[PDB]
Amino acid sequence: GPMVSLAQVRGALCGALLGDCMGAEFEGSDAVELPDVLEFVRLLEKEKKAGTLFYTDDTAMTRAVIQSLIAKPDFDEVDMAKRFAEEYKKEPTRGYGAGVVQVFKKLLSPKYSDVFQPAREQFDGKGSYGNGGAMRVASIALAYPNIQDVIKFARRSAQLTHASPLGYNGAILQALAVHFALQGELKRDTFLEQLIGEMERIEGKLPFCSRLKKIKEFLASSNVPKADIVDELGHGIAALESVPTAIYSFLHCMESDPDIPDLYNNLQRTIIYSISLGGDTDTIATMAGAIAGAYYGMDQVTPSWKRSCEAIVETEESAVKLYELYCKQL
């Protein structure tokens, strides 16, 4: 349908920033109540001062990825690794995982010449199964039209910290989700078909595909409890329990949720619903918000919501530069 607009590249970046900043406020609290979320959102819209919400590691790594792609459009993983590690070093308290810290320490030492190696040594050679690969990967889909490029650069961006296939395939799936959200206004069943299609290839036991199948099920039900969603899809720091959950959040909120006032637009709905799931609300909201931002575009990123976020202005700016990458690759 559409060729991809700047509105959609902005959409996706602001969506992710929103999901980070807002979901951070409920993170690690795993009983979250939708009433608390709505109450927070109302308070947010009335805030007199701007920039009251600070972003976390999710956004910090995101901006590193973007500065790398801008600087090295061809994709330079050494450059990207350098940016990750210096970002960590500049702002180490933004919320990073306890494991991934050790990667940044290693990459910052003279001791390593292979940038993938520290990630390979995580957890006894098995590598991290965490969602930190996925939480930052969106920009790959915004910079690279060609799905092949999206897959291999998602893998490789992720592999700088997440050496387990659980870790890097989560990053691929989340980057795919954004890719297809972008390519016109796809229908729910087509969107899933695409994702199952690509992940059956990439994976083939079949963890992500089975979660993705589980998702197909849930969208054929109506009034699915949050318990059931959390039970099957998860709401965890593990990529396997967050990426599919974020994807489900996005698809669900294409339609009305009886419990969320219809005066909230689709992207708002998506963020509110993500946070209501609890767990790692931060990373799930940032991922779902990126998919939703790519799909509905900037028009659903409301002035009252976005003015609350740290670095909103810089985010909007960076999207123009991402957009130019995208346009170059066509």
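Quick note: we count residues from 1 along the sequence shown, nothing fancier. Superpose the two forms; the largest set of C-alphas matching within 1.5 Å is the rigid core.
Core-fitted comparison in 7 other deposited structures of this protein shows that, between 24-32 and 278-286, the CA atoms farther from the shown form belong to 24-32.
Superposition on the core shows that, in 7 other deposited structures of this protein, the C-alpha atoms drift more in one of 165-173 and 181-189; this is 181-189. Across the other entries compared, none leave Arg94 without coordinates where the residues on each side are present, so it is far from a third. In none of the other PDB entries of this protein that model the residues around it does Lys111 lack coordinates, well short of a third.
In this entry, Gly204 is separated from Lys205 by 10 or more residues of the deposited sequence that have no coordinates.
The mean C-alpha temperature factor is higher for 194-202 when 172-180 and 194-202 are set side by side. The mean Cα B-factor in the deposited entry runs higher for 217-225 than for the other of 71-79 and 217-225. Residue set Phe208, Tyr96, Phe84, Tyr248: peak C-alpha B-factor at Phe208 (per PDB entry).
Annotation for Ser164, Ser139, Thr161, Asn131: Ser164 ranks highest, by Cα B-factor.
Sort the chain's modelled residues by C-alpha temperature factor and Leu233 lands in the highest third, per the entry. Ranked within its chain, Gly278 lands in the middle third, by CA B factor from the PDB record. In the deposited entry, the Cα temperature factor of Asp58 places it in the lowest third of its chain's modelled residues.
Annotation for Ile151: C-alpha temperature factor in the middle third relative to the rest of the modelled chain, per the entry. In the PDB entry, a CA B factor belonging to the highest third of its chain's modelled residues is recorded for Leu212.
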